[PDB]
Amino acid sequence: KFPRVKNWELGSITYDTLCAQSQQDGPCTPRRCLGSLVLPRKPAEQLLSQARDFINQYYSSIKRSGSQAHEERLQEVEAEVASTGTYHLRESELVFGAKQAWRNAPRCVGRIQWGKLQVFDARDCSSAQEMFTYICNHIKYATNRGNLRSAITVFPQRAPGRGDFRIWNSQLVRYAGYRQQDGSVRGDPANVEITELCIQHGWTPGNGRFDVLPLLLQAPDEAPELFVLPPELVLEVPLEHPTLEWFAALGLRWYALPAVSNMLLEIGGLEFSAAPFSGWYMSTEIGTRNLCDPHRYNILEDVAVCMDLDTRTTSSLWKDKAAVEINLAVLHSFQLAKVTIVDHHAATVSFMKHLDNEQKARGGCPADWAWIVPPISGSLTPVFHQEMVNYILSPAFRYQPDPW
């Protein structure tokens, strides 16, 4: 009926009743579970039902359901859809919707923070140059000299028969990846394609491992435009290690602000194709995935060798040892620079508290176990031992096709 959900460390049991509010299919069926897949495989009455549902969520949130304002607002939406095939959100509704989308994101371990989100309304944007201005302001605000503040900037919604506003870059801060003819890649291999798009739109490339990319910003049915971010806007942290003096000589660094810019924001059936958002990093994102993934910077062996570890055999656990010191260096360096960051133990502990808040508030919480459990030391964190139910609620952040 409703899923019984158990924590195996504590022996405690909840029932998820929130999942009954899901109106959107995931990829699983009784025959086979597809939960480990990264991406999904692929009229007015439909929009109207999503709109009413959202306005209802909204007025319930301010505890004014059935108010005159509530009924009038539903009529406004009804009237606008019926006449125009679409409608528009009020700023306060947009603010609520943006927070709910974050709250509903099953892959986010940082949702304890969901109610604290600065929302910049950029729906009065008419050009790539204007998008750039809004993005620079977003970055300045969120960066805040290292005392990071979560924020989202929302550009004009999609409209029928008109191209979307898009930011082509997957994040506002990305390091170039330059594909050598010698097969290899210099920089971040995750960004080979975006790096190449930039160059062919007139960017003069560098030749470094950590060259900050320009943004490709696209206003509707126009070719994207190139904008270089003012270097003083992009806060970066040089990596060093608290005891291993040689670590700094590796010339490693990372940027402060994780600002994701290729996701679609869906609120009440309306779609916001450019709505970049940022919070702060969990250390494993950088220390484990970005720096140690074999298809990213892949620095494990280098660090292992500097640590004089036995690289010849798996059973020396040289990979594990190097990874741990790498994560420590990331934590140490961010802490030294006074840049906000959270370790994977602290983050998962807060998420457990979040699950409990959400159980009392909504009778459940959608969560993606494979993404909530950190990429090192999994079972050493409480979320490993916690069963989770994954489902899609709306407002939602969604993936969308690359615009090229």
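For the two forms, the rigid core is made up of the largest set of C-alpha atoms that agree within 1.5 Å on superposition. From 1 onward, residues are counted along the sequence shown.
The rigid core fit leaves 157-165 as the farther-lying stretch in 9 other deposited structures of this protein, judged by Cα positions and set against 157-165 and 141-149. Stretch comparison, 277-285 versus 175-183: after rigid core superposition, larger RMS CA deviation in 9 other deposited structures of this protein is found for 175-183. Of the other compared PDB entries of this protein that include residues on both sides, all give residue 64 atoms, none of them, and so not a third, leaving it without. Residue 42, present in the displayed chain, goes without coordinates in a third or more of the other PDB entries compared that cover both sides of it. Unmodelled stretch separating residue 42 from residue 43: 10 or more residues (count of deposited-sequence residues without coordinates). Remark: stretch with higher mean C-alpha B factor among 358-366 and 43-51 is 43-51. Higher mean CA temperature factor, per the PDB entry, when comparing 13-21 with 387-395: 13-21. Across the options 313, 169, 284, 100, the residue with the most elevated CA B-factor in the record is 313.
Of the candidates 256, 216, 95, 74, the deposited coordinates give 74 the top C-alpha B factor. Placement of the Cα temperature factor of residue 62 within the chain: highest third of the modelled residues, per the deposited record. Annotation for residue 32: C-alpha temperature factor in the middle third relative to the rest of the modelled chain, per the entry. Ranked by Cα temperature factor within the chain, residue 243 sits in the highest third according to the deposited record. Looking at the C-alpha B-factors along this chain, the one for residue 339 belongs to the middle third. Residue 272 sits in the lowest third of its chain by CA B factor, as recorded in the PDB entry.
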